[PDB]
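These are the residues of each chain, in order.
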Amino acid sequence: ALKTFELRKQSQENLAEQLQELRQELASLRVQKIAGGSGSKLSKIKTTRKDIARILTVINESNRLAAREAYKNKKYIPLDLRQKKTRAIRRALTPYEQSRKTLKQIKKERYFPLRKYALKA
Amino acid sequence: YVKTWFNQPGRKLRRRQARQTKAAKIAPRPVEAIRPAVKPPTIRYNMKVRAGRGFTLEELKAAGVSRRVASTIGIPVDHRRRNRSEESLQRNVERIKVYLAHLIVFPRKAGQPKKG
Amino acid sequence: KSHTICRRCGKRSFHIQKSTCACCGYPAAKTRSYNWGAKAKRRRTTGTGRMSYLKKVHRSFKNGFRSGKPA
Amino acid sequence: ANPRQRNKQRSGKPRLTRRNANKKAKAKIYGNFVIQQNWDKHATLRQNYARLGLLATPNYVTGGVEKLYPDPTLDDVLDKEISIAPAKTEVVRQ
RNA sequence: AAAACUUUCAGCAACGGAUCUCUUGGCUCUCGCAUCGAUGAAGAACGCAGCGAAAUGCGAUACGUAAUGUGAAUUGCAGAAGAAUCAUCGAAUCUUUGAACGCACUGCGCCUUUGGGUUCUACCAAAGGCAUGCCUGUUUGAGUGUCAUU
RNA sequence: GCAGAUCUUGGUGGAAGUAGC
RNA sequence: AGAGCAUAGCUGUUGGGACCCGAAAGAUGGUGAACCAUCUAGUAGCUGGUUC
RNA sequence: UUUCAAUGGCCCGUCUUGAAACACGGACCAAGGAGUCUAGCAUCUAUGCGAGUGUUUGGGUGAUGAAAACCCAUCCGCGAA
RNA sequence: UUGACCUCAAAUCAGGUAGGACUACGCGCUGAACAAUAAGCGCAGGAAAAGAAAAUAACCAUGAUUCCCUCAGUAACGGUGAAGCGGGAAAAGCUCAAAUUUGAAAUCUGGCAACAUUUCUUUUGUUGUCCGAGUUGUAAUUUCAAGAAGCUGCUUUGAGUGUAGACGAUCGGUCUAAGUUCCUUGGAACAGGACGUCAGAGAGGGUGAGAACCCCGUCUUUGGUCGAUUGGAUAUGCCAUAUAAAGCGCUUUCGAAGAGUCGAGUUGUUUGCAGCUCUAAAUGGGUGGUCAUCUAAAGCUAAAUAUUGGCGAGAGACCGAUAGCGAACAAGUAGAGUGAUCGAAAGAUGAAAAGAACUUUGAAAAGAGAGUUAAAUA
Ligand SMILES: [Zn+2]
């Protein structure tokens, strides 16, 4: 099984060039197994499905990372490159605008803030 | 519907843990604010003295504490209550004055621009 | 017959003449439920399906819906 | 018994168990550093305030108080000036 | 009157599942917490497990991939030697439906872009899109408007 | 704490190898 | 020249489903005069039963 | 224990009825199966204190389970009047 | 005419947002029967609602809301049934409209361009510029508790950004006492007997029968340690648009206060509310006993409170397979019904499958000789 470590230090075109070679290989084993396949064929399929998944991950990981870099310091970015969390969290007041106060209130907390004190018994 | 009190000892513990939670945040200052001394409003109870809601503005002015400073050092203000007699005024003015004697107010850092 | 499958609940309760499901209230947007159908509600409420996304939300609440990559 | 709770009983997935049950342990003190150093973690907040010489309540207490060991006129209220108060403890002096 | 037959008793064999013992279940109480959805939810359908009775898990990356941790398993078989039908989990993926949204509800489409191809103007395929109400703004054009207009 | 409730659930009989198919 | 107050138990009694099984329902909301779910443990002077 | 002999012995429950007659219920066995919990009131007994009496709304406190036990500030109820 | 303004439309224009689900608790609307009752419909949150007096009272007066106890089974009403006071839990207050900034719209959204920042390449802002909004009114100031404007002399001050350490919270790792000695029984020792050990650990579970010392754990831990993410403070460097902004004090100057509402008549629902007709005032108006009290017709607000649901957790004088959830197991499954809906029965070989090889009879199922096991009376 190819490791993700050396699957992440090559370009996409050759990385996509590894996609179809694994695709027909998986397809070929299915042809062999329906005409008589040993236990290795079941594993060789099982190994190659995860192997196809591993390289598909690094294609999608790198493609998104390319999109994230391209849409850095942009005001509006695609919905895919955005936080999800929950729907209500995305609608709540941001911490900045929850901290907004009128200039009347700023003068209250500047001249008369809650003091730190103690009572001697 | 029948209300049951099986959470009675669990409410006692929960309320005590809130007092400990509150005291941890505000370490040396009292867990309660000082309350005035008032007299209940009936012929059945006007001889008793109990605690009020807050000190009147005329009581704070005599004690020397402004209504804006008062809230910041744990002295509640009751804009509704008034002093119809000199005994209520003096009973609660002394209460504020005693409170100020036993009070340590820790200094605050102040923004200070260079000139002007 | 008088009923066929439903596009929303798949149960054979979709009337042909009215084109209205007798089980889930299709094609109306609000799913058909009644407070006197307590047992019926327990047969289709949350938790009787995959709950695929809701399970993900419960798993992600512990760390505050964090994102990014670990160091 | 619920279909939602039965669902996670029938699953192989583990519960989102959170071990948070810690009773009888009191909140740790922040805010003042002087109070934090001299604050013991076993005693109540009444016992710690009294030991450090402070007042937990400037009013009455609405119950009994623990007993561990057996014990052995407007002019003079307005123009007066109370002479502060002594510090009973080294913490209050600090 | 013996046999048979009938009755009673006992022995053994059936029948049945009581009782006893327990038990990864229920029930009740208390405590902590606040977390669904047009960034597609709850639910439904259809698929993937080498076989799995179901059930569970997962989504064409299909009983999962990445990352981290533990460090040698898996197991009814089988299978790999950073293994694991493991745990954690911040990254990716997540078929058709469903508030379900191009029109319809099987199909029929629209616009744009991209590409095919040995059939290159076009055609075809794919992708991107294409619901409604309402709010802020942008752009454009009408008016039977108010004027401005020596 | 059961012998009854045309009691509840389960098991099992005579009718009967009968009625019959 | 006050005998109460509190708790526990016993007994009686009045409410709650009120010893158990029992009487056509009616109403609300649904499904295709009918059917289904809930209110409901509805209403019983009466019936049957009620354990050493 | 079985069986024999002598003597005796009407089927149980319910309702009815002086009584029965009755009419009901009962094929058999196992398991389940019906005066319970709670609020108020009154009598009686026990227990505590007694012109008093009642800690548990709550507060204090409780390191060995801390929903227990222990402690009681202000009221209030019922009595005394 | 050009051209401004007001409209009325359009765009697969840019940025957004609503629906559905859950619904234990919560807030509205609606509603029968046997009562804000079930249902039906609408809408939220971690709580909701309520909430800083058009409130009580008649006192030596109280002082937002909410919840508990009491008042009290009382007043009142016709069996229903409160509230003021009183005792507790918790406490926190405020924001607009009505004033000329008028010596200067001082205010705001957006586009664009840089610079930052992050639970986060996902987040959130700053600065500059242009456009738009806005004078039919955006800021500062004011909210009756006052306040404004002057005057006066006392006391005051950051919506900045880093570093360091301490103190907390949250998440994930890591650290941890002592018999498996001897004898007997047994298939097995975890039993009995003997001799020992540990114990801040003699909870519980597993292991071939009752295990503190075989194993996981338990105690230490109300912590040491390693990281990660964070909160409020402290210390300190830098920056600071202060020609500014406040509190208090004093007056030969001023002081705006919410209308198809209040209220009146009348008709319905359950006094409140609703319709309909009419429709106000300015020491006025409301509610109380001439007097007292309050200041409606605009808005926000934590905590104490609730919680058969959701994410977990710890328990119990509970039930023990006809019980306890319908469901201890393929359980809302099988199955039934056109459909709405309805809806079961069913737990236990043994320590180990060692699940009966082999021979033999039979068409087969099975049987018999054997065989395994402490036991096939498993
Ligand atoms: Zn349907």
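The residue numbering used throughout counts from 1 along each chain in the order its sequence is written. It may not match the entry numbering, and residues with no coordinates are not shown. Just so you know, chain letters begin at A and ligand numbers begin at 1, following the order they were written in. Any value reported refers to the chains on display, which are one part of a larger assembly. The side-chain figures draw on all heavy atoms in the structure; neither hydrogens nor water molecules are used.

Colleague: Summarise the layout of surface pockets; cite the residues concerned and give the values.
Modeller: As a volume, the largest pocket reaches approximately 1,100 Å³. Here a cavity means grid points, on a 1 Å grid over the protein atoms only, where a 1.4 Å probe fits yet cannot get out; a pocket means an open set of points with protein on both sides within 12 Å along at least five of seven lines; lining residues are those with an atom within 4 Å of a point. In terms of lining residues, the largest pocket is bounded by 36 residues, among which B:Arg16, D:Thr44, D:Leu45, D:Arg46 and D:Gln47 are the most central. Within the residue set of the lining of the largest pocket, elements represented by two or more residues are α1 (8-25) of chain B together with α3 (45-51) of chain D. For the lining of the largest pocket, the leading source of residues is α1(B), giving eight residues. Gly falls in the polar group here, along with every residue not listed as nonpolar (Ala, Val, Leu, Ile, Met, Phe, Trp, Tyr, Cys, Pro) or charged (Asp, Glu, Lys, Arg). A per-class count over the lining of the largest pocket returns 15 nonpolar, 11 polar and 10 charged. Grid points are joined across faces, edges and corners, and a volume is the space filled by probe spheres set on the points. Empty space within the second largest pocket amounts to approximately 550 Å³. In terms of lining, the second largest pocket is formed by 20 residues, of which the most central are A:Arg82, A:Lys84, C:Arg66, C:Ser67 and C:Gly68. Helical segments are the DSSP runs of H or I of at least four residues, strand segments are the runs of E of at least two, and each set is numbered from the N terminus. Those elements giving two or more residues to the lining of the second largest pocket turn out to be α2 (39-70) of chain A together with α2 (52-60) of chain C. Classifying every residue of the lining of the second largest pocket by side-chain character gives four nonpolar, six polar and 10 charged.

Colleague: Outline the interface of chain B and chain D, supporting the account with residue identities and numerical values.
Modeller: On the side of chain D, 31 residues touch chain B, which itself brings 34 residues to the contact. Joining two parts hides part of their accessible area as seen by a 1.4 Å probe, and the buried area is that hidden amount summed over both. Summing the contributions of chain B and of chain D, the shared interface buries around 2,500 Å²; its carbon and sulfur component is 60%. Any carboxyl oxygen of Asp or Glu within 4 Å of a side-chain nitrogen of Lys or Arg constitutes a salt bridge here. The tally of links between chain B and chain D comes to zero salt bridges. For this analysis, a polar contact is any N or O atom pair within 3.5 Å, provided that within protein one partner can donate a hydrogen and the other can accept it, and provided that sequence-adjacent residues contribute only side-chain to side-chain pairs. At the junction of chain B and chain D, the tally comes to 13 residue pairs in polar contact. Residue assignment for the side of chain B that touches chain D shows that the elements contributing at least two residues are α1 and α4 (86-101) of chain B. In terms of residues, the side of chain B that touches chain D owes the most to one element, α4(B), which gives 10 residues. Here the side of chain B that touches chain D is built from residues that sort into 19 nonpolar, five polar and 10 charged. By definition, residues are in contact when any of their heavy atoms lie within 4.5 Å.

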